[PDB]
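Order of listing sets the numbers, starting from 1, for every ligand and every atom in it. Below, chains carry the letters A, B, ... as their sequence lines are ordered, and counting in each starts from 1. These values consider heavy atoms only, across backbone and side chains, with no hydrogens, waters or symmetry-generated copies.
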2 protein chains.
Amino acid sequence: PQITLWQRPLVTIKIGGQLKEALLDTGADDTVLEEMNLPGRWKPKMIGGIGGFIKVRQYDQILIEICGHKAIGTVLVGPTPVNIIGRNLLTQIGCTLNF
Amino acid sequence: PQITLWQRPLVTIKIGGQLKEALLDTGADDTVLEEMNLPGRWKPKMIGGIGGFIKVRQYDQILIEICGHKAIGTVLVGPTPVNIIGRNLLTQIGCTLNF
Ligand SMILES: CC(C)c1nc(CN(C)C(=O)N[C@H](C(=O)N[C@@H](Cc2ccccc2)C[C@H](O)[C@H](Cc2ccccc2)NC(=O)OCc2cncs2)C(C)C)cs1
């Protein structure tokens with residue numbers, strides 16, 4: 001699709017058989033989801049946002065369908081109030097910025 | 001131009017006669033720049049995201065040039081870790097998300 005930015009770029013994603021809304025975010029280097037139970041072992045990560053840093057748990061090789069396009073990659077889980085799809089999964093599904 | 005997201009989408013902006021580097025950010029409603037001098041009256045504002053809220057100075061009707069494209073809109077200035085061009089100016093240069 002082509003998505004204009006007059007409104008927040010919110011899309012449905014499917015992860016773990018649940019549907020969630022997520023923001024398409026070119027300003028996030030990684031993908032961050034609200035607290036959920038994901039499979040396997042995690043690794044620690046600190047990510048910084050506008051107000052400072054949060055500790056998140058890194059899971060790898062996670063499938064997530066973003067608007068019907070399957071991506072498989074690293075997903076961080078921690079105390080974000082919005083699910084953010086960042087560049088790591090946006091390149092997989094072939095997303096670009098055009099102007 | 002077409003920008004892939006293997007790397008951070010950083011572009012040069014021209015604002016208040018200085019060239020700065022800033023991130024094209026689909027996940028920021030607002031344009032938030034590092035401490036700089038801007039002419040005008042401004043208003044205090046609080047913006048938040050990951051990590052909490054920060055106080056910025058709101059300046060309205062600032063002309064920014066983003067890669068040669070002229071944009072007018074609100075610019076917030078303050079202790080942001082990175083220069084962010086948010087959706088309020090990305091729509092003005094005709095920026096879309098495509099996949
Ligand atoms: C409440 C919620 C439902 C929402 N409100 C909003 C409106 N808000 C607040 C914003 O747009 N606020 C912006 C913002 O931080 N947006 C964020 C999404 C968000 C929104 C609300 C709450 C938490 C996260 C998303 C933005 O792309 C920022 C910008 C950025 C990049 C580097 C350093 C600092 C900042 N990205 C991140 O915070 O990325 C964190 C990372 C993830 N992986 C690696 S770093 C500001 C910069 C203005 C959107 S959704």
Side-chain angles (χ1 to χ4, degrees), chain A residues 3 5-13 15 20-36 38 42-60 62 64 66 71 73-92 95 97, chain B residues 3 5-11 13 20-35 43-60 62 64 73-91 95 97:
Chain A
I3 292 178
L5 295 164
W6 296 99
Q7 289 176 26
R8 283 184 191 147
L10 298 162
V11 299
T12 302
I13 59 162
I15 180 161
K20 295 182 137 189
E21 293 283 68
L23 189 62
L24 297 197
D25 190 11
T26 59
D29 310 301
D30 301 303
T31 284
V32 205
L33 304 181
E34 303 176 54
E35 182 53 46
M36 71 191 275
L38 277 197
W42 61 272
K43 272 165 162 180
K45 205 179 203 293
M46 200 80 77
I47 53 175
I50 192 58
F53 296 72
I54 48 170
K55 278 215 123 294
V56 292
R57 308 188 327 262
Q58 182 181 322
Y59 296 84
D60 297 329
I62 297 295
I64 179 163
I66 303 162
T74 295
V75 154
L76 314 178
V77 176
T80 176
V82 227
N83 293 307
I84 289 156
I85 301 309
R87 294 189 301 99
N88 71 305
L89 294 187
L90 298 171
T91 77
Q92 291 194 19
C95 187
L97 285 172
Chain B
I3 301 190
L5 300 171
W6 291 86
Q7 299 147 308
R8 281 175 158 210
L10 283 150
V11 301
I13 54 164
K20 285 193 175 179
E21 194 85 334
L23 181 68
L24 302 181
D25 192 354
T26 60
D29 292 4
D30 299 308
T31 286
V32 194
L33 307 190
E34 66 157 30
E35 280 296 347
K43 285 198 282 268
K45 192 174 185 106
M46 299 286 263
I47 39 175
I50 280 173
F53 284 64
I54 56 166
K55 200 196 186 84
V56 291
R57 300 190 316 276
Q58 182 181 344
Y59 290 89
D60 305 306
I62 296 293
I64 292 194
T74 306
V75 157
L76 310 179
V77 168
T80 174
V82 68
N83 286 337
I84 292 161
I85 304 298
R87 291 190 304 104
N88 80 304
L89 257 33
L90 295 169
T91 56
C95 199
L97 241 21

Can you tell which of [options] gets a heavy atom nearest to [atom]?
| atom | options | result |
| --- | --- | --- |
| atom 43 (N) of ligand 1 | A/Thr74, A/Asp30, A/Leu24, A/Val56 | A/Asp30 |
| atom 12 (N) of ligand 1 | B/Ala28, B/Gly49, B/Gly48 | B/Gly48 |
| atom 26 (C) of ligand 1 | B/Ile47, A/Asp25, A/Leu10, A/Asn83 | A/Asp25 |
| atom 18 (C) of ligand 1 | A/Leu23, B/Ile84, A/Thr26 | A/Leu23 |

Got the closest protein heavy atom to [atom], with its distance?
| atom | value |
| --- | --- |
| atom 16 (N) of ligand 1 | B/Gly27 O, 3.2 Å |
| atom 7 (C) of ligand 1 | A/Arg8 NH2, 3.5 Å |
| atom 19 (C) of ligand 1 | A/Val82 CG2, 3.8 Å |

Test side chain to side chain donor-acceptor pair (under 3.5 Å) applied to A/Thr26 and B/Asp25, step by step: CA-CA 5 Å; A/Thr26 59; B/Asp25 192 354; 4.7 Å; no
Nearest-0.5 Å distance, CD1 of residue A/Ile64 to CD1 of residue A/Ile13: 4.0 Å
Pairwise distance CD(A/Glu34) to NZ(A/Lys20) - rounded to 0.5 angstrom: 5.5 Å
Per-atom contacts of ligand 1 with A/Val32, taking only distances under 4.0 Å to non-hydrogen atoms: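 Those qualifying, in numeric order: 42 (C), 43 (N).
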Heavy atoms of other groups near B/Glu35 CD, more than 12 under 6.0 Å: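 Yes - once you tally the heavy atoms of other residues, nucleotides and ligands closer than 6.0 Å, there are more than 12.
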Whether over 12 other heavy atoms sit under 6.0 Å from B/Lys55 NZ: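 Open.
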Side chains of residues 75-82 of chain B: which donor-acceptor pairs under 3.5 Å do they make with residues two or more places apart or in other chains?
unit_1: B/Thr80; atom_1: OG1; unit_2: B/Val82; atom_2: N; d: 3.3
unit_1: B/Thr80; atom_1: OG1; unit_2: B/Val82; atom_2: O; d: 2.6

Protein non-hydrogen atom below 4.0 angstrom of atom 2 (C) of ligand 1 present: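 Answer no: nothing from the protein, no heavy atom, is under 4.0 Å.
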Audit row: A/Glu21, A/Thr12, side chain to side chain donor-acceptor pair (under 3.5 Å) steps and yes/no: CA-CA 4 Å; A/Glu21 293 283 68; A/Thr12 302; 3.0 Å; yes
B/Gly86 near ligand 1 by a heavy-atom separation under 4.0 Å: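 No, B/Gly86 has no heavy atoms under 4.0 Å from ligand 1.
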Contact check, A/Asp29 vs ligand 1, heavy-atom distance below 4.0 Å: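 Heavy atoms of A/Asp29 do come under 4.0 Å of ligand 1.
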Working for salt bridge (charged side-chain N to carboxylate O under 4.0 Å, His left out), residues A/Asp30 and A/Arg87: CA-CA 6 Å; A/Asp30 301 303; A/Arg87 294 189 301 99; over 6 Å; no
